[PDB]
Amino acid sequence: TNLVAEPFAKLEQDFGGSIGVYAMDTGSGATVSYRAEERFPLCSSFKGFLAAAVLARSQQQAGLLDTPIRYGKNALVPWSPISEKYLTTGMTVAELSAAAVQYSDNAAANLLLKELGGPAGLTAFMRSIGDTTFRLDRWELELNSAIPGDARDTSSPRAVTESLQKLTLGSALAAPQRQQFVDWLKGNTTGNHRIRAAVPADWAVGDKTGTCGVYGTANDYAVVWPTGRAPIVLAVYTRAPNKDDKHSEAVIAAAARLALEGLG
């Protein structure tokens, strides 16, 4: 029997679906795992790793991040509020990356995906950092279908957390790029009701959300700096068996609380 897991099982039963959690305390090595190796749809959470992949490329391309991109209306996608706002001015690669991370801007994400060689190019970047689980197969908005049993556009909570650690705290990015990735995550605007709702107000948090909508499917991953302590990295993913089942931000926050409470 796994007593640590019982509150998570109760939570997912109340929710009406499945919850996957992995959390790592980088100071002690302590972890919390629940369905941590199961696949869940990435939804928009892929956009954080997209931004990291762009940052990695910028390490060999002088001024890539500062390069202006003058996209047209044909690049726009529903829920592209930053891209629409800057349509008449253009945006730099860095601004597109920040929009994808901090507003889940769909047009910005697809524009950057194209620069990287599409979903397979982002998947290849994740392979290059040692992530063998992540797979992106489609673009926005098709990647949100979240069909039960479909492995397209999925990863696992553990693989997400391990890759997030490598990119934000480890050596997968050069230091200036690691810091930029962290800065973008800390400026996210979409996650106030998810992992951020689980952490004490004085702790610093960088996160990236995902919401497929269908099949009760939504998620969040975060790096969390408790004041004066080594950071925690964690991922919380959800799904549900019926297409019209609704996702729950409260369930994501509640799972994150249990993860923080369960850490040594």
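Residues carry their position along the shown sequence, with the first being 1.
Between 7-15 and 251-259, the higher mean Cα B-factor belongs to 7-15. 55-63 and 208-216 differ in mean CA B-factor, and the higher of the two is recorded for 55-63. The residue among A146, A175, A98, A107 whose C-alpha atom has the highest B-factor in the PDB entry is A175. Reading the B-factor column for the CA atoms of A159, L112, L167, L87 in the entry, the top value corresponds to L87.
The PDB entry assigns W139 a C-alpha temperature factor belonging to the middle third of its chain's modelled residues.
Among the modelled residues of its chain, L234 has a C-alpha B-factor that falls in the lowest third, as given in the PDB entry. Placement of the Cα temperature factor of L42 within the chain: lowest third of the modelled residues, per the deposited record.
Remark: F125 belongs to the middle third of its chain, ranked by C-alpha B-factor as recorded. Compared with the other modelled residues of the chain, the Cα B-factor recorded for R196 ranks in the middle third.
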